[PDB]
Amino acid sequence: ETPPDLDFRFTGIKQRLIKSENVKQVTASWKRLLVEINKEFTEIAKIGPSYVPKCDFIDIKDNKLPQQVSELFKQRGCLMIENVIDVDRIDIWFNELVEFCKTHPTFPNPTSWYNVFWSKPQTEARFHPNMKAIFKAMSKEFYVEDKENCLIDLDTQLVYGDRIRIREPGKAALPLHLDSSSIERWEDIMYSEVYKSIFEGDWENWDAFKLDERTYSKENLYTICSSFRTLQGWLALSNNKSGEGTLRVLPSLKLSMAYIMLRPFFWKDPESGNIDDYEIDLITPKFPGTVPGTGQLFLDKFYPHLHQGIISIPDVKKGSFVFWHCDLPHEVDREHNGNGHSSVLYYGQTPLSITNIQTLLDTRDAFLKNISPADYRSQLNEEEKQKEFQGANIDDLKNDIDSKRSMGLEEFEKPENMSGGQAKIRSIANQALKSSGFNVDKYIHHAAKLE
């Protein structure tokens, strides 16, 4: 009923985040927020899955989302793109994955997750021209203002190795949450600056797509994903109707994060039910749904105003791609009472950026050694480590130079004309590929001082 206390240091986190002079404004903003939430989340609940933005791969011209799709995607924080990959190609990839899993050990496994990272179908999927295209189009929804200095190149996609899911009917399920850290959004300096507009009482002007500060955020100050992903995503390897062992989302990005970020300050709902009776809590170290040191923020217990907004995604067809913003609440369906396997291949957007240089190095090292990337490799014992085989084949990259750069296998080109942070991050990556090591702290410390 009451969220637990964390250590009392978290009280000083609260007093760092909201300035005394802004307390009145923040309180007013929380009341405005709840009124908007009840209106908009009601509409979502009454519309259902068609609320999620959806478009056809052919609608993407010149590697840009059309204007109407863009506008809906920035509001709703998720998108389903249909017909990215032909069904026949999808079938071949699915069958090759299953073969690989059956020849490289129980099948089906208990959890519906298969720790295969570098198989040929994965490498081919990741680098299919239609897949590169949709990532290019997504990358144009994000931006930075300080182009001269911010160490990010949104024109470059890196590979973060991830696994596959093949969920049989009857396999039950991990509640509503955010990934990309449990407590960091509040605790880290640069991460919390992402949400400054909310902490100042102006949630309405929070821009989820501006990356100047997030570029330097530490998602792990201490279940953990080691890369900075702007978007989570996956490619559909099966046809499954809404609710059949798929994904559920809360398709309202700004309202979601205004509520989440302020919830530690307004965690006590009043007995009156009158929104005008909330009052700020700047004292208790309560950060509901958090477990410092873990990767997920849980929303299933102390975030009740969110629940009305949760919907299944639209019917999924083979060869559709589904994206959601790193800040979008989501969960998987509890049950799968559909007619066949619900299977996806996970692939997120991971820009070339200062907090992703370690990822670039891990990907290069794991693929070259045919082992798990670090986030999974670190959970294996000595025997498992010596046994695993990941299907990595340089030739699956089809000697495409751009693909090899995504995998950390080739230095980045820096054209005569290119400058600013884009040129600089490419150079820093190249230096790391030459030396084989990197230390992020210097860059982070400099960004935070510059504050």
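All residue numbers refer to positions in the sequence shown, first residue = 1.
- The entry shows a gap from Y222 to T223, with 10 or more unmodelled residues of the deposited sequence in between.
- Missing coordinates between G273 and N274 amount to none of the deposited residues, so the segment is unbroken.
- The PDB entry records a higher mean C-alpha B factor for 55 to 63 than for its counterpart among 42 to 50 and 55 to 63.
- Checked against the record, the higher mean CA B factor of 375 to 383 and 358 to 366 lies with 375 to 383.
- As recorded in the entry, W113 carries the highest CA temperature factor of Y195, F321, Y347, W113.
- Highest CA B-factor among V69, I425, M418, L33, as stated in the entry: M418.
- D162: CA B factor in the lowest third of modelled residues in this chain (values from the PDB entry).
- Among all modelled residues in this chain, the alpha-carbon of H341 has a temperature factor (C-alpha) in the lowest third.
- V98: CA B factor lies in the middle third for its chain, per the PDB record.
- In the deposited entry, the Cα temperature factor of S406 places it in the lowest third of its chain's modelled residues.
- Split the chain's modelled residues into thirds by C-alpha temperature factor. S252 is in the lowest one.
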